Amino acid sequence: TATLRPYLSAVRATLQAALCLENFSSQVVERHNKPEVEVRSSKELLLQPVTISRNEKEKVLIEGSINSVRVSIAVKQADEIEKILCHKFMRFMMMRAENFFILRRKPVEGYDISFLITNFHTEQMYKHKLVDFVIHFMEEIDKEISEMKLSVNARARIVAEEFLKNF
């Protein structure tokens, strides 16, 4: 990995700049409070979308606003097995999005998984720790997918052998 650390570093830095949120009452609806980056009903409240890419496949899209940030990630997928393991793994966490309060229930089109961090989140969690979680998350899902890949093959071999050795 000659390109990994440099990538995560640009991501950590951009994430630190986006997580500067504050509580914001709706300017469009009486007594409402909404994650602006989601409803996007007031252009001045949105920031310039940025992307940090490691290569043509792996990248991170960061969309900010006065009161929330949407972080989307394109996960590394070498071959067919990884593509389906990543996809099953992302849906797995999305179905449990309520326990995982910073995850979107569906990814932004073009990415494998998305986070939606609000001012309410940064008010009850140290933002420097959330930024750490997003980086920890990117490193860790890559490892989990590698292990899953090895597990399937490991059990495949034993399964093909247990059958054949019995003839």
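Numbering starts at 1 and follows the sequence shown.
*Taking only the CA atoms, which stretch has the higher mean B-factor in the record, 77-85 or 90-98?*
Per the PDB entry, the higher value belongs to 77-85.
*Checking the entry, which one of 104, 121, 34, 54 has the top C-alpha B factor?*
If I rank 104, 121, 34, 54 by C-alpha B-factor, first place goes to 54.
_Third of chain Cα B-factors occupied by residue 38_ = Ranked within chain, residue 38 CA B lands in the lowest tercile.
*Rank-wise, by C-alpha B-factor, drop residue 146 into the lowest, middle or highest third of its chain.*
For residue 146, the deposited C-alpha B-factor lands in the highest third.
_CA B-factor placement of residue 49, once the chain's modelled residues are sorted into thirds_ = For residue 49, whose C-alpha B-factor we compare with every modelled residue in the chain, the answer is the highest third.
_Chain third (lowest, middle, highest) by recorded CA B-factor, residue given as residue 111_ = Lowest third of the chain for residue 111's C-alpha B-factor.
*Which third, lowest, middle or highest, does the CA B-factor of residue 66 fall in along this chain?*
Its C-alpha B-factor belongs to the lowest third of this chain's values.
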